[PDB]
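**Student:** here is the sequence, then the experimental structure:
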Amino acid sequence: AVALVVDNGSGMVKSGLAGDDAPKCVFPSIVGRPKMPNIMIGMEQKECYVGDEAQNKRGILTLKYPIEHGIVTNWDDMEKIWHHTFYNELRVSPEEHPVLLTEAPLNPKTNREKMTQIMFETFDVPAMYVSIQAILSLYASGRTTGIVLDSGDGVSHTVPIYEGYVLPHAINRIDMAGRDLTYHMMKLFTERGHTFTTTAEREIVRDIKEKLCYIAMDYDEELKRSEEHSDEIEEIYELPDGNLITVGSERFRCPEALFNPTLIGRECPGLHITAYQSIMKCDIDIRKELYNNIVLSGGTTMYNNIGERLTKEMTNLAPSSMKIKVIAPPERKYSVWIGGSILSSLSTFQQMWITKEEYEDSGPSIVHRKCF
Amino acid sequence: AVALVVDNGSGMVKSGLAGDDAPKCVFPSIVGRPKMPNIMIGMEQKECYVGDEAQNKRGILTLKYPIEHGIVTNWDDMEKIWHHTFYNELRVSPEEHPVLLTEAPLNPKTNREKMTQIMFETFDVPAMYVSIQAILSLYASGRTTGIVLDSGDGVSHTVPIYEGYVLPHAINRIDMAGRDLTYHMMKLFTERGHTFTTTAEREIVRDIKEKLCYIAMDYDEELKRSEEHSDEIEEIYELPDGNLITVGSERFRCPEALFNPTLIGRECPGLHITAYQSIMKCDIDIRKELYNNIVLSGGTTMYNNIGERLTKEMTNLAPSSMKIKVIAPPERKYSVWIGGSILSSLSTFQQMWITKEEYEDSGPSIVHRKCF
Amino acid sequence: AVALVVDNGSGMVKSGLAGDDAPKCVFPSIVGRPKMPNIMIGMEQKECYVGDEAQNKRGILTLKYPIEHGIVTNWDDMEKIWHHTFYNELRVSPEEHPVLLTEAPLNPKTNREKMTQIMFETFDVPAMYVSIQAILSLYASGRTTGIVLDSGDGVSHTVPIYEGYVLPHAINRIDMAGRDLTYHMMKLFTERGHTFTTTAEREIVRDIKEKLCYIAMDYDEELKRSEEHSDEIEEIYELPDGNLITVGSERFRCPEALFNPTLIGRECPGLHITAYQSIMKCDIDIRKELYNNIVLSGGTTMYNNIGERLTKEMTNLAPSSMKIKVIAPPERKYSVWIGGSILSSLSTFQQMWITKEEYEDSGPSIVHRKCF
Ligand SMILES: Nc1ncnc2c1ncn2[C@@H]1O[C@H](COP(=O)(O)OP(=O)(O)O)[C@@H](O)[C@H]1O
Ligand SMILES: Nc1ncnc2c1ncn2[C@@H]1O[C@H](COP(=O)(O)OP(=O)(O)O)[C@@H](O)[C@H]1O
Ligand SMILES: Nc1ncnc2c1ncn2[C@@H]1O[C@H](COP(=O)(O)OP(=O)(O)O)[C@@H](O)[C@H]1O
Ligand SMILES: [Mg+2]
Ligand SMILES: [Mg+2]
Ligand SMILES: [Mg+2]
């Protein structure tokens, strides 16, 4: 039977059938609830909107995210999202297809235990398997050795792998991703005169950041040019209500927080520093191959001139006799799903599944012995 | 049982059976009392005239309005008007038909409480329901999203609704309607030589205003043309006593007070300004749909070239990327009654009624929990 | 030379000499313009009234506020207000005294730039300095560590400070203050039968709110008692025209919007929630001292039983091993001015000034490098 690949994250959720080269259903993971009285008798209303319907009618809805920092806070909303994905988006019965789920490294055991319990006791799936996102990201690139720098919506992590062997003592994870960048962008916009506070305004700011941001090679030079050639940097954006907003110096000052987290008041190191620290925790003979297979993945790495900036930063830290090559292939925003689809279509993988009998006999703890 | 739709307002009262496409009995809400001695023995006189009879014999009667600014002042006259409507106009027993009444937004609770008490303890109606006029006006147009600008005889209000959800924090109401326009018309007529003071003269001036008024697209240009091409604007009107009156520049100077209330010494803003302020109090993503569904209702909006003037005024305020469409359908003077008839004929509405038992047990305050 | 302390806000403006323990001139910041024709030849009239004169003759004047949400909208009115303060109230020459101005956090740069330009190019002040209001509020209390919850007329903000170091990433600001409470009070009064629309009526409602409002410890219990013991809550107030108004349940329902902004249709969180969120954004070891130094400031915090309510609300959120102490000293409505006077009288502060030469050489942008 064809397996279901469901990559659930903080911001977006991707779902599809194992065997394709692109996800089938990509939708935001939000739950909307009405806050205004209903007075028009005759129409059929709903108590909760999930997915695109919640985003379209966000004007009269309060929006909640059931996943924060890769950890599920409310399980009812997550169960509703899973039900919507299975019964509305994919329109496939969740009882004849094995499930392949993804999880971030260094997560509490209770999250996996509850996820497995919900999958086996609510949807009654035949089999399921949970895998780390970095492994699937490395699978999607068709390589066996490299360091994966993944940056999603809530969690950014770094995982090195050498010749199919992972080094768990050199795995890094920090909670600083596109959401903090959106908050920083809102704070920067408050200095221009525009104030955004509501959830709909937050989505508008997120869209503005996605459409009109880039990474400057030299931050100081562009900052100097911002006060002298602002006409080149200014960009006009049309708000949904018809007003116009001028985005100027905020185009590159917002993504700069990745390489200097002190702007947003975070003591954690930057991205290049984290990668260098992760490389230096491995053996001496392993570092040479890791320096040449830096793979980028995640939606937060979809900016412009990011690979060149990362290469320049790594050059000033790595020894002058090494070769640094950053791998930023196109369509890398769906690399995890592609890797999961590739993994699920292998004959050797057809044995590493958690069947119903094993879960019923051993219990929910079996996920700590067969899934890694 | 067929329900009774009774829209009672300041100037006129409409009444009919739920299921028709037009009101059955439309008559002015006035109470007439004699002021001259009666010396002709042999005829059967009456102590009070209500409705058309009071208007026909207004020469020897003093006329009183029991409703002012949507608030009932004297309840005896209102009870007499209700009795006349039930027993003379409709000729139906008010004990086998549910009643559907209308009320203006932002009204005192005591008005609703006394109305419900009178309906349940005097006419002994089986069930009753009170609804806002804007909701019925939006029902009559067959829409679910829009901003309703209602202007009756004493009260003009603005209510936005988005996808069946009303925003109570963006509801406006001002006490400036056709009565102030009639007073302004009388004041303008005093400058020509004609003086009107009595109630009958007030009704004559109201008829003149109804028959010979229009809204000028450019007030300044027509004002300039008034002193140079008066022959085009002059109109002859025949008074009931046979005299002739020339209405000239007063044709467009009287309705102009809607867009500039400073003419009649009122500090409240105009109509377009009020609509724009009501639109700007909603969320950013809601404004686009509200700008495209401006619905006009009420008897005061039955002038000529009013939709074009409103569109031109809104264009200069709304952003240059929005589409403004004013909806002024024909027969809009009875839109509230049509909406009430449509609402009362729905199966889903057959449950939202205040039965006799509920009123007797809970008390008169129940109207504050089941009627909105 | 003695410095001038001028705290200009939305509602009121305070001005005095640095060295005193109380402001010298406290007057509303309104600009009045006549709207009626003048027919009495022989009297000397004025084209605009500013301050108490505008408030006394508000019957025949239209009143405008030149400051909205801590942002100056019209600069001509603000310049007139500054001229009135310097030349009429204080009666001191604005050329031999340094100026100390106050500003709210998270404000546009253009506001400060224009303020400095006006101060240096119109009044020709020798030196000036702009400071945040929270810093002065903390100075006035004689402390070094604490969280300041300031609530004025248009803007309410929260600023934590630990041992003289401010945490900019934990500063909150929302636009919800006494003006929205006045609007809510007017809306509540419309349900009793009284309608207030004009600016003079708005000032009357503001006075009623100032004189007859208090905060209920248990909102539900007092709401239940409102429908059973209204005689205890009813209060008689005398309108300027001689009529009497009964204020009953509206005494505590108006200030309740601070702890539940959903009543006035605002999605922003309440006051205790905002304070708790601001405390949780600091480091773990800093929270203990912040929980014990909650300082209240502003005119909107001059209600009754507000400290006890805030303490009770914070107790249910803070851990059961912390000590919560709300600091609400008397005369806290002028805390900002007292703090500014204390700061301006220090010898160490005699160097942090913007002289004429520095402004002339560097330009208006210098205020972004020496004032914080
Ligand atoms: N073209 C783009 N440019 C800049 N940022 C982007 C772009 N596309 C997406 N993003 C950011 O990436 C985030 C999406 O992260 P995603 O990888 O979907 O998280 P998850 O791994 O939980 O699904 C969004 O919050 C958005 O801000
Ligand atoms: N054709 C017309 N042209 C101009 N004004 C009109 C016209 N018809 C009615 N009016 C005005 O509308 C008013 C009637 O208001 P109406 O909607 O009946 O009030 P209510 O909602 O209380 O019944 C009258 O006072 C009259 O001046
Ligand atoms: N005793 C009081 N009780 C309740 N509210 C008050 C009292 N005194 C003042 N206020 C409110 O505080 C507001 C004054 O705010 P203020 O601190 O003067 O603003 P700013 O900081 O801009 O000068 C007024 O709008 C008033 O409604
Ligand atoms: Mg991801
Ligand atoms: Mg009407
Ligand atoms: Mg203040």
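**Tutor:** Perfect, I can see it now. Numbers count the residues shown, from 1 in each chain, chains lettered A, B, ... in the order given. Ligands and ions are numbered 1, 2, ... in the order given.

**Student:** check contacts around the residue in chain A that ligand 3 sits nearest to.
**Tutor:** Proximity of chain A to ligand 3 (CB to the nearest ligand atom) peaks at residue A:195, 18.2 Å away. Any C-beta I mention is one placed from the backbone N, CA and C, and that applies to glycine too. The contact partners of residue A:195, taken as CB atoms under 8 Å, 6 or more residues apart in numbering or on different chains, are A:189, C:175.

**Student:** tell me which element it is part of?
**Tutor:** Element membership of residue A:195, judged by DSSP states H and E, is empty: it is in no helix or strand.

**Student:** how long is stretch A:185-204 from one end to the other?
**Tutor:** End-to-end distance of stretch A:185-204: 11 Å, with CA to CA, to the nearest Å as the criterion.

**Student:** which parts of it are buried?
**Tutor:** Under the neighbour-count criterion of 16 or more other CB atoms under 10 Å in any protein chain shown, stretch A:185-204 has A:185-190, A:192, A:196, A:198-204 buried.

**Student:** now swap in stretch A:111-125 and tell me
**Tutor:** Buried residues in stretch A:111-125, counted by 16+ other CB under 10 Å: A:112-113, A:115-116, A:118-120, A:123, A:125.

**Student:** stretch A:66-84 now?
**Tutor:** Judged by neighbour count (16+ other CB under 10 Å), stretch A:66-84 contains these buried residues: A:66-67, A:69-70, A:72, A:77-78, A:80-82, A:84.

**Student:** possible to save those as CSV with secondary structure and distance to chain C?
**Tutor:** Formatted as CSV, the buried residues of stretch A:66-84 follow (DSSP: H, G, I helix; E, B strand; the rest coil; distance: CB to the nearest CB, whole Å):
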residue, secondary structure, distance to chain C
A:66, coil, 19
A:67, strand, 20
A:69, coil, 15
A:70, coil, 20
A:72, strand, 21
A:77, helix, 19
A:78, helix, 24
A:80, helix, 22
A:81, helix, 23
A:82, helix, 28
A:84, helix, 25
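
**Student:** which two from the residues you listed end up farthest apart in space?
**Tutor:** Distance extremes for those: the farthest pair is A:69 and A:84 at 22.6 Å, using CB to CB.

**Student:** if we can go back for a sec, quick check: the residue of chain A closest to ligand 3 vs ligand 5, distance?
**Tutor:** Separation of residue A:195 from ligand 5 (CB to the ion, to the nearest Å) stands at 39 Å.

**Student:** so which of the buried residues of stretch A:185-204 sit within helices?
**Tutor:** Using DSSP state H, the subset of the buried residues of stretch A:185-204 located in helices is A:185-190, A:199-204.

**Student:** Throw those into a markdown table and include distance to ligand 5, thanks.
**Tutor:** A markdown table is the format used below for those (distance: CB to the ion, whole Å):
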| residue | distance to ligand 5 |
| --- | --- |
| A:185 | 48 |
| A:186 | 44 |
| A:187 | 49 |
| A:188 | 50 |
| A:189 | 44 |
| A:190 | 44 |
| A:199 | 37 |
| A:200 | 34 |
| A:201 | 37 |
| A:202 | 41 |
| A:203 | 39 |
| A:204 | 38 |
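
**Student:** just those now: which is nearest residue B:283?
**Tutor:** Distance to residue B:283, by CB to CB, is smallest for residue A:200 among those, at 6.1 Å.

**Student:** what's the nearest residue to the closest one if we skip its chain neighbours?
**Tutor:** If the residues on either side of it in the chain are set aside, residue A:200 comes closest to residue A:58, at 4.7 Å by CB to CB, 6 or more residues apart in numbering or on different chains.

**Student:** which of the buried residues of stretch A:66-84 sits closest to ligand 4?
**Tutor:** Among the buried residues of stretch A:66-84, residue A:70 lies closest to ligand 4 (CB to the ion), at 8.7 Å.

**Student:** before we move on, the earlier item: now the two most distant members of the buried residues of stretch A:185-204.
**Tutor:** Within those, two members stand farthest from each other by CB to CB: A:192 and A:199, at 20.8 Å.

**Student:** one step back: out of the buried residues of stretch A:185-204, the closest to residue C:133 would be?
**Tutor:** Ranking the buried residues of stretch A:185-204 by separation from residue C:133, with CB to CB as the measure, puts residue A:190 on top at 17.1 Å.

**Student:** I'd say the closest one and residue C:109 touch.
**Tutor:** No - contact criterion CB atoms under 8 Å: residue A:190 and residue C:109 do not qualify, at 11.0 Å.

**Student:** just want the residue of the stretch 201-350 of chain A that's nearest ligand 2.
**Tutor:** For the stretch 201-350 of chain A, CB to the nearest ligand atom, closest residue to ligand 2: residue A:241, 32.4 Å.

**Student:** ok, now the stretch 1-150 of chain A?
**Tutor:** Proximity of the stretch 1-150 of chain A to ligand 2 (CB to the nearest ligand atom) peaks at residue A:39, 20.1 Å away.

**Student:** mind listing what that residue touches?
**Tutor:** Per CB under 8 Å, 6+ apart, neighbours of residue A:39: B:132, B:135, B:161, B:164-166, B:372.

**Student:** that older thread, for the buried residues of stretch A:66-84, which one is nearest residue A:336?
**Tutor:** Here the nearest of these to residue A:336, counting by CB to CB, is residue A:70; it sits at 12.9 Å.

**Student:** identify the residue spatially nearest to the residue nearest the centre of chain A, adjacent ones excluded.
**Tutor:** Nearest to the geometric centre of chain A sits residue A:152, at 2.5 Å (CA atoms, centre = their mean). Sequence neighbours aside, residue A:298 is the residue nearest to residue A:152 in space, at 5.0 Å (criterion: CB to CB, 6+ apart).

**Student:** do you know how far that neighbour is from residue A:11?
**Tutor:** Applying CB to CB, to the nearest Å, the value for residue A:298 to residue A:11 is 11 Å.

**Student:** repeat for residue A:99
**Tutor:** 21 Å.

**Student:** show me where the stretch 51-200 of chain A has its helices.
**Tutor:** Taking DSSP state H, counting those that start in this stretch, the helices of the stretch 51-200 of chain A run over residues A:52-56, A:75-84, A:109-121, A:133-140, A:178-190, A:199-211.

**Student:** no, scratch that, I was asking about the stretch 201-350 of chain A
**Tutor:** Counting by DSSP H, counting those that start in this stretch, the stretch 201-350 of chain A has these helices, from start to end: A:219-226, A:230-233, A:250-253, A:271-280, A:287-290, A:306-315, A:335-344.

**Student:** export these to JSON lines and tack on distance to chain B?
**Tutor:** Compiled in JSON lines, the helices of the stretch 201-350 of chain A are given as follows (distance: least, CB to the nearest CB, whole Å):
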{"stretch": "helix A:219-226", "distance to chain B": "28"}
{"stretch": "helix A:230-233", "distance to chain B": "22"}
{"stretch": "helix A:250-253", "distance to chain B": "19"}
{"stretch": "helix A:271-280", "distance to chain B": "34"}
{"stretch": "helix A:287-290", "distance to chain B": "47"}
{"stretch": "helix A:306-315", "distance to chain B": "31"}
{"stretch": "helix A:335-344", "distance to chain B": "30"}
